[PDB]
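Enquirer: following this: a sequence and the matching experimental structure.
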Amino acid sequence: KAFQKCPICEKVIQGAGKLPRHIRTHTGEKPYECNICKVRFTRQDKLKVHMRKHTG
DNA sequence: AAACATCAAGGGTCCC
DNA sequence: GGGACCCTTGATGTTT
Ligand SMILES: [Zn+2]
Ligand SMILES: [Zn+2]
């Protein structure tokens, strides 16, 4: 596949568009927000699993 | 105080 | 590249 290097930590990350996920570990930015409980996450899949709690 | 289940953070991998 | 799911590890709560 393809790999990327972190500009901050120099750790090798395997991901095409997965670098921003590792970037949001140092700065802790949360662009995704829940519609109901307003809980914020740094990853789209993490927001999806939170939505799974609302609808059983 | 081991054994055990649960949740989440972080990374790998596939598929569209 | 974004969406989606899985694998590994550590903190926390149960239970006996
Ligand atoms: Zn980094
Ligand atoms: Zn919610």
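Expert: Noted; the coordinates are in hand. Residues are numbered from 1 along each chain as shown, chains lettered A, B, ... in the order given. Ligands and ions are numbered 1, 2, ... in the order given.
Enquirer: next one: the residue at minimal distance from the centre of chain A from ligand 2, what distance?
Expert: Nearest to the mean C-alpha position of chain A, by C-alpha atoms, centre = their mean, lies residue A:43 at 2.4 Å. Computed as C-beta to the ion, to the nearest Å, the residue A:43 to ligand 2 distance reads 15 Å. From N, CA and C alone the C-beta is placed, and that goes for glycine too.
Enquirer: and for residue A:5?
Expert: 35 Å.
Enquirer: what's the answer for residue A:16, then?
Expert: 28 Å.
Enquirer: show me the helices in chain A, by range?
Expert: Assigned by DSSP state H, the helices in chain A fall at A:19-26, A:44-54.
Enquirer: show me the contacts for the nearest residue to the residue nearest to the centre of chain A once chain neighbours are set aside.
Expert: Excluding its sequence neighbours, the residue lying closest to residue A:43 (C-beta to C-beta, 6 or more residues apart in numbering) is residue A:21, at 5.6 Å. Neighbouring residues of residue A:21 by C-beta atoms under 8 Å, 6 or more residues apart in numbering: A:15, A:42-43.
Enquirer: what about the residue nearest to residue A:15 when sequence neighbours are not counted, neighbour count?
Expert: Excluding the flanking residues, the one nearest residue A:15 by C-beta to C-beta, 6+ apart is residue A:4, at 6.4 Å. By other C-beta atoms under 10 Å, 15 other residues sit near residue A:4.
Enquirer: and if you look at residue A:47?
Expert: 19.
Enquirer: quick one: which of the helices of chain A is nearest DNA strand C?
Expert: Among these, the nearest to DNA strand C by C-beta to the nearest atom of the strand is helix A:44-54 (3.9 Å).
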